[PDB]
Structure formats: structure tokens, C-alpha cells
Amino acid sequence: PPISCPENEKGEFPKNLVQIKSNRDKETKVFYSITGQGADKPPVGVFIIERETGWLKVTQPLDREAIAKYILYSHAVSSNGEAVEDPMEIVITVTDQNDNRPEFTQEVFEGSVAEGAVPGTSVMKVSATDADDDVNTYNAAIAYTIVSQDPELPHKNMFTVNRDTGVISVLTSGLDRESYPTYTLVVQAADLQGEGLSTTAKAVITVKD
């Protein structure tokens, strides 16, 4: 059966994963080995096996974003020097932890809007990515919010962002090019549908005629 291990595990190492046994255990003395990337190939020694007991072990914390899936092979050789089984495929799946903050595609997004634009007009889009597992978890489910607006004139809520799409829209009337030519918005992207880890970037909006 497939084997699971969570990434970023703490505590004492090594940790037991599964004990491998051969049926020819009582017929003859059996020695156990593992090969593959993560065993004898780079990264070397991530997984080990006790040669006499057959206990498969992980020796360090794992990282899903480095390697999410390990394919290894177990070997069973008797004291006479013959393989008593065919090499057996071992698949080790690395399950995700929410350990990556979202990341905006740019540090400073540029947009523009006409000062006459009706409330509810789309202006610009911001976007972030999240390196965590977006297939199985919510650790990469991003929600967009606006943290601050500068200047806060004529008031502090001139714009709003669609929490799913990252589209920034004119929320209210009051845009005035002659008084406040540009706005610096600090936008936020947070995983766990807005409840988790977060990052910030800037959105600079120029006001046009």
C-alpha cells in the first residue's frame, strides 16, 4: 500500500514508517535494502531501512514543495546472496502543510481610472500565487483585501477589491484629478480563503480626465 508522511514534522528522528517483511523470512536469513531518489540517489539518506528488521524510516523533515512524491524500491536478499523477492515499488506521498505565504505577481501593480467613472467601474486586477497544495487543501485558497489607501481623501474607502478575482473597482463617487492625482493602495492576499497566511503589495492608481 501507498505510504503517507506529512512535511515539516518535528520531534526525534528517525521516525518509523512501515516494517517490510518477506514470506521467506523463516526459510532463510533475510537482509533488507532500499534504492531510489531519496535513498541511495540524491537526495541521499532521506529514507533508510534497518537491514535486519526491515523497518523503513524517514530521517529528516520533508518538504512537499521540494519533493511531493518519492518512488523507492525495497530489496530482500538472503545470507546466501540471492534476492528472495523481486524489487518492490514503494511510493511515499508528502502531504501538505500551510507553510508558504501567498506571493503577488508584482511588487507594484499599475492601474488607471477616469475621474468621471461610475461607481462600480472596474479599474485594474491584482494577482497572487500560493506554492502550497491547491488540489487537496485550502492552504492555497487566496482571498484579496485592501489594507490601506493613501491618501484617505475624500475618504478612506474610494476603492474595493473583489475577494475572489482581485479586481479593484471604484466603490464611491469623489475622484478628483486636480486634488488627489494618484492613490497608493496596500493590497493583501491571504490563504485559507482569507483566514490564513498573508502577504502585502502595492497598487498605484492614476486618476485620468
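The first residue of the sequence shown is number 1, and the count goes up from there.
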Would 25-33 or 52-60 have the larger average of its C-alpha temperature factors, as given in the entry? 25-33
Mean B factor on CA atoms, stretches 77-85 and 124-132, record says higher is 77-85
Ranked against its chain, the third holding the CA B-factor of residue 164: middle
Residue 189 by Cα B-factor - lowest, middle or highest third of the modelled chain: lowest
Residue 137: which third of its chain by C-alpha temperature factor? middle
Considering only modelled residues of the same chain, in which third does the CA B-factor of residue 207 rank: lowest, middle or highest? middle
What third of the chain does residue 151 rank in for C-alpha temperature factor, lowest, middle or highest? lowest
